[PDB]
$ cat coords_4.cif   # mmCIF, C-alpha atoms (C1' of nucleotides)
data_my_file
loop_
_atom_site.group_PDB
_atom_site.id
_atom_site.type_symbol
_atom_site.label_atom_id
_atom_site.label_comp_id
_atom_site.auth_asym_id
_atom_site.auth_seq_id
_atom_site.Cartn_x
_atom_site.Cartn_y
_atom_site.Cartn_z
ATOM 1 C CA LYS A 417 8.257 17.252 -18.487
ATOM 2 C CA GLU A 418 10.831 19.370 -20.322
ATOM 3 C CA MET A 419 11.905 21.059 -17.085
ATOM 4 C CA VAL A 420 12.138 17.664 -15.368
ATOM 5 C CA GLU A 421 14.208 16.061 -18.133
ATOM 6 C CA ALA A 422 16.374 19.184 -18.259
ATOM 7 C CA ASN A 423 17.024 18.807 -14.533
ATOM 8 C CA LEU A 424 17.124 15.048 -13.959
ATOM 9 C CA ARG A 425 20.907 15.341 -14.133
ATOM 10 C CA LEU A 426 20.496 17.359 -10.950
ATOM 11 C CA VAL A 427 18.750 14.467 -9.219
ATOM 12 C CA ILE A 428 21.468 12.155 -10.535
ATOM 13 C CA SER A 429 24.098 14.417 -8.969
ATOM 14 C CA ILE A 430 22.259 14.664 -5.641
ATOM 15 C CA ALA A 431 21.615 10.904 -5.386
ATOM 16 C CA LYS A 432 25.373 10.262 -5.071
ATOM 17 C CA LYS A 433 25.701 11.258 -1.401
ATOM 18 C CA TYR A 434 22.814 9.030 -0.250
ATOM 19 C CA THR A 435 24.282 5.883 -1.822
ATOM 20 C CA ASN A 436 24.413 2.786 0.399
ATOM 21 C CA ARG A 437 21.653 4.119 2.677
ATOM 22 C CA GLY A 438 19.082 1.377 2.019
ATOM 23 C CA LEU A 439 18.283 2.154 -1.628
ATOM 24 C CA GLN A 440 20.055 1.603 -4.934
ATOM 25 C CA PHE A 441 21.365 4.510 -6.990
ATOM 26 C CA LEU A 442 18.754 4.341 -9.754
ATOM 27 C CA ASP A 443 16.074 3.694 -7.130
ATOM 28 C CA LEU A 444 17.167 6.835 -5.277
ATOM 29 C CA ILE A 445 17.163 8.805 -8.539
ATOM 30 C CA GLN A 446 13.673 7.678 -9.557
ATOM 31 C CA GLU A 447 12.433 8.340 -6.015
ATOM 32 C CA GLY A 448 13.862 11.862 -5.938
ATOM 33 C CA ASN A 449 12.200 12.373 -9.312
ATOM 34 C CA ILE A 450 8.918 12.333 -7.364
ATOM 35 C CA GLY A 451 10.047 15.283 -5.259
ATOM 36 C CA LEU A 452 11.424 17.016 -8.347
ATOM 37 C CA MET A 453 8.067 16.737 -10.118
ATOM 38 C CA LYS A 454 6.395 17.951 -6.921
ATOM 39 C CA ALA A 455 8.714 20.980 -6.948
ATOM 40 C CA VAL A 456 7.663 22.147 -10.421
ATOM 41 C CA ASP A 457 4.043 22.159 -9.231
ATOM 42 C CA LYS A 458 5.051 24.939 -6.790
ATOM 43 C CA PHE A 459 7.674 27.039 -8.594
ATOM 44 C CA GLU A 460 6.979 30.765 -9.008
ATOM 45 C CA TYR A 461 9.024 33.840 -9.933
ATOM 46 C CA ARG A 462 10.153 34.614 -6.393
ATOM 47 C CA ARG A 463 13.545 35.982 -5.342
ATOM 48 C CA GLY A 464 16.535 34.023 -6.594
ATOM 49 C CA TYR A 465 14.981 32.608 -9.764
ATOM 50 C CA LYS A 466 17.644 29.877 -9.971
ATOM 51 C CA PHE A 467 15.823 26.528 -9.799
ATOM 52 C CA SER A 468 19.055 24.786 -8.770
ATOM 53 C CA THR A 469 18.708 25.403 -5.031
ATOM 54 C CA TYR A 470 14.998 24.562 -4.983
ATOM 55 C CA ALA A 471 15.528 21.356 -6.946
ATOM 56 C CA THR A 472 18.360 20.233 -4.674
ATOM 57 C CA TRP A 473 16.304 20.975 -1.552
ATOM 58 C CA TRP A 474 13.316 19.018 -2.851
ATOM 59 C CA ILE A 475 15.425 16.052 -3.981
ATOM 60 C CA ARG A 476 17.100 15.998 -0.564
ATOM 61 C "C1'" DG B 1 -37.639 -57.385 66.635
ATOM 62 C "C1'" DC B 2 -40.176 -53.243 64.744
ATOM 63 C "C1'" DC B 3 -41.771 -48.426 65.047
ATOM 64 C "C1'" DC B 4 -41.139 -43.692 66.696
ATOM 65 C "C1'" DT B 5 -38.196 -39.693 67.624
ATOM 66 C "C1'" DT B 6 -34.265 -36.846 67.039
ATOM 67 C "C1'" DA B 7 -29.473 -35.680 65.097
ATOM 68 C "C1'" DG B 8 -26.269 -35.142 61.170
ATOM 69 C "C1'" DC B 9 -25.413 -34.535 56.143
ATOM 70 C "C1'" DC B 10 -26.905 -32.878 51.728
ATOM 71 C "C1'" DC B 11 -29.256 -29.710 49.246
ATOM 72 C "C1'" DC B 12 -31.647 -25.132 48.191
ATOM 73 C "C1'" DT B 13 -32.191 -19.548 48.544
ATOM 74 C "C1'" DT B 14 -29.897 -14.825 49.147
ATOM 75 C "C1'" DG B 15 -26.276 -12.125 49.075
ATOM 76 C "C1'" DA B 16 -22.369 -8.568 49.977
ATOM 77 C "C1'" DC B 17 -19.006 -8.139 47.945
ATOM 78 C "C1'" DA B 18 -14.069 -7.842 44.029
ATOM 79 C "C1'" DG B 19 -12.473 -7.122 40.254
ATOM 80 C "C1'" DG B 20 -12.303 -7.639 35.813
ATOM 81 C "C1'" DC B 21 -12.740 -7.632 30.148
ATOM 82 C "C1'" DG B 22 -13.941 -3.780 27.766
ATOM 83 C "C1'" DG B 23 -15.849 0.542 25.260
ATOM 84 C "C1'" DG B 24 -15.794 5.483 26.162
ATOM 85 C "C1'" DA B 25 -13.814 9.708 27.314
ATOM 86 C "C1'" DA B 26 -9.799 11.922 27.522
ATOM 87 C "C1'" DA B 27 -4.645 13.233 27.761
ATOM 88 C "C1'" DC B 28 -0.662 12.249 24.931
ATOM 89 C "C1'" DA B 29 2.976 10.061 21.596
ATOM 90 C "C1'" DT B 30 2.770 8.820 16.074
ATOM 91 C "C1'" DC B 31 2.701 9.311 10.563
ATOM 92 C "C1'" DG B 32 1.590 11.024 6.406
ATOM 93 C "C1'" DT B 33 1.728 15.193 4.337
ATOM 94 C "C1'" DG B 34 3.342 19.637 3.225
ATOM 95 C "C1'" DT B 35 6.972 24.144 3.051
ATOM 96 C "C1'" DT B 36 12.268 27.175 2.409
ATOM 97 C "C1'" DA B 37 13.668 29.310 -2.137
ATOM 98 C "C1'" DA B 38 21.132 33.321 -2.030
ATOM 99 C "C1'" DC B 39 26.691 28.804 -4.937
ATOM 100 C "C1'" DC B 40 28.645 22.575 -7.776
ATOM 101 C "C1'" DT B 41 23.061 20.171 -13.351
ATOM 102 C "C1'" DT B 42 27.267 12.308 -14.672
ATOM 103 C "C1'" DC B 43 28.089 8.819 -8.291
ATOM 104 C "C1'" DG B 44 30.746 4.559 -8.705
ATOM 105 C "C1'" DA B 45 33.433 -1.499 -8.582
ATOM 106 C "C1'" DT B 46 35.412 -5.262 -10.019
ATOM 107 C "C1'" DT B 47 35.815 -9.524 -11.781
ATOM 108 C "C1'" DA B 48 39.962 -10.660 -14.394
ATOM 109 C "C1'" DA B 49 45.903 -16.727 -11.730
ATOM 110 C "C1'" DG B 50 40.968 -24.330 -12.866
ATOM 111 C "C1'" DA B 51 37.176 -26.437 -15.656
ATOM 112 C "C1'" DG B 52 33.395 -29.508 -19.049
ATOM 113 C "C1'" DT B 53 29.822 -27.573 -22.195
ATOM 114 C "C1'" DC B 54 24.411 -24.887 -23.891
ATOM 115 C "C1'" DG B 55 22.430 -20.122 -26.821
ATOM 116 C "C1'" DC B 56 23.172 -16.586 -30.474
ATOM 117 C "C1'" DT B 57 26.019 -13.159 -33.870
ATOM 118 C "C1'" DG B 58 29.200 -11.676 -38.023
ATOM 119 C "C1'" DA B 59 33.679 -12.153 -41.586
ATOM 120 C "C1'" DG B 60 36.032 -14.444 -46.066
ATOM 121 C "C1'" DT B 61 35.837 -18.082 -49.319
ATOM 122 C "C1'" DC B 62 33.057 -20.512 -53.202
ATOM 123 C "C1'" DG B 63 28.616 -21.343 -57.323
ATOM 124 C "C1'" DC B 64 24.862 -19.279 -61.432
ATOM 125 C "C1'" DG B 65 24.921 -16.247 -65.232
ATOM 126 C "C1'" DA B 66 25.031 -11.685 -68.613
ATOM 127 C "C1'" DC B 67 26.851 -8.187 -71.000
ATOM 128 C "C1'" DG B 68 31.195 -6.809 -74.116
#
$ encode --input "coords_4.cif" --output "structure tokens"
Amino acid sequence: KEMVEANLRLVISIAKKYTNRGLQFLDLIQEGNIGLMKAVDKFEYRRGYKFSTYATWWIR
DNA sequence: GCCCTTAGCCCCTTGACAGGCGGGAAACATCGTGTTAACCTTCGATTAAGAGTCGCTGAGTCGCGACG
């Protein structure tokens, strides 16, 4: 939950390019939150430990 | 004029298909999942150039009195 709340701003930033695609902005954010929470379930110490890229891929 | 004999129509029995809904068996196009990890961790409209009224809130002005 801490990692999600400390990254939700990421989802907010990614949900700006999909605006006006059949879903509201907050709806898109709270839908991408599902993928974000699904990303933390599979997040190990692999190469490139930056969670930015992984989070943006899963929100997309 | 009535009875007998024979012909035509109606009805019954079988049947050789024809294919025809439909489940099965199969070959093939969906629909919900995952999974990848090289860089940005606040996006954006939209009234607001007429008009009669409902529902709430928060400032400045006064009484009643006590303690010197």
$ resolve_selection --input "coords_4.cif" --expression "the PyMOL selection byres ((chain A and resi 467-473) around 12)" --output "JSON, numbers by chain"
{"A": [419, 420, 422, 423, 424, 425, 426, 427, 428, 429, 430, 431, 448, 449, 450, 451, 452, 453, 454, 455, 456, 457, 458, 459, 460, 461, 462, 463, 464, 465, 466, 474, 475, 476], "B": [35, 36, 37, 38, 39, 40, 41]}
$ axis_aligned_box --input "coords_4.cif" --around "segment 46-63 of chain B" --padding-each-side "4 Å" --output "AutoDock Vina command-line options"
--center_x 34.2 --center_y -17.4 --center_z -33.7 --size_x 31.5 --size_y 32.2 --size_z 55.3
$ atom_distance --input "coords_4.cif" --atom1 "atom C1' of residue 31 of chain B" --atom2 "atom CA of residue 437 of chain A"
21.2 Å
$ closest_residue --input "coords_4.cif" --among "B:64, B:43, B:7, B:16" --to "chain A" --atoms "all atoms listed in the file"
B:43
$ build_atoms --input "coords_4.cif" --residues "segment 460-473 of chain A" --atoms "N, CA and C atoms" --output "compact mmCIF listing (two decimals), in the coordinates of the input"
# COMPACT_ATOMS: atom_id res chain seq x y z
N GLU A 460 7.38 29.45 -8.54
CA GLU A 460 6.98 30.76 -9.01
C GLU A 460 8.21 31.63 -9.26
N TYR A 461 7.96 32.88 -9.64
CA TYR A 461 9.02 33.84 -9.93
C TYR A 461 9.36 34.67 -8.69
N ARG A 462 9.77 33.97 -7.64
CA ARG A 462 10.15 34.61 -6.39
C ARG A 462 11.61 35.07 -6.48
N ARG A 463 12.16 35.54 -5.36
CA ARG A 463 13.54 35.98 -5.34
C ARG A 463 14.48 34.81 -5.58
N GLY A 464 15.59 35.07 -6.27
CA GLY A 464 16.54 34.02 -6.59
C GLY A 464 15.96 33.01 -7.56
N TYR A 465 15.71 33.42 -8.80
CA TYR A 465 14.98 32.61 -9.76
C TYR A 465 15.69 31.31 -10.14
N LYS A 466 16.92 31.11 -9.66
CA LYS A 466 17.64 29.88 -9.97
C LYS A 466 16.93 28.66 -9.37
N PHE A 467 16.52 27.73 -10.24
CA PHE A 467 15.82 26.53 -9.80
C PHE A 467 16.76 25.48 -9.21
N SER A 468 18.07 25.72 -9.29
CA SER A 468 19.06 24.79 -8.77
C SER A 468 18.85 24.49 -7.29
N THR A 469 18.88 25.54 -6.47
CA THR A 469 18.71 25.40 -5.03
C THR A 469 17.40 24.71 -4.66
N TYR A 470 16.30 25.14 -5.27
CA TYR A 470 15.00 24.56 -4.98
C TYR A 470 14.96 23.09 -5.35
N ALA A 471 15.49 22.75 -6.52
CA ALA A 471 15.53 21.36 -6.95
C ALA A 471 16.35 20.52 -5.99
N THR A 472 17.52 21.02 -5.57
CA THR A 472 18.36 20.23 -4.67
C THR A 472 17.70 20.06 -3.31
N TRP A 473 17.01 21.10 -2.82
CA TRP A 473 16.30 20.98 -1.55
C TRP A 473 15.19 19.94 -1.65
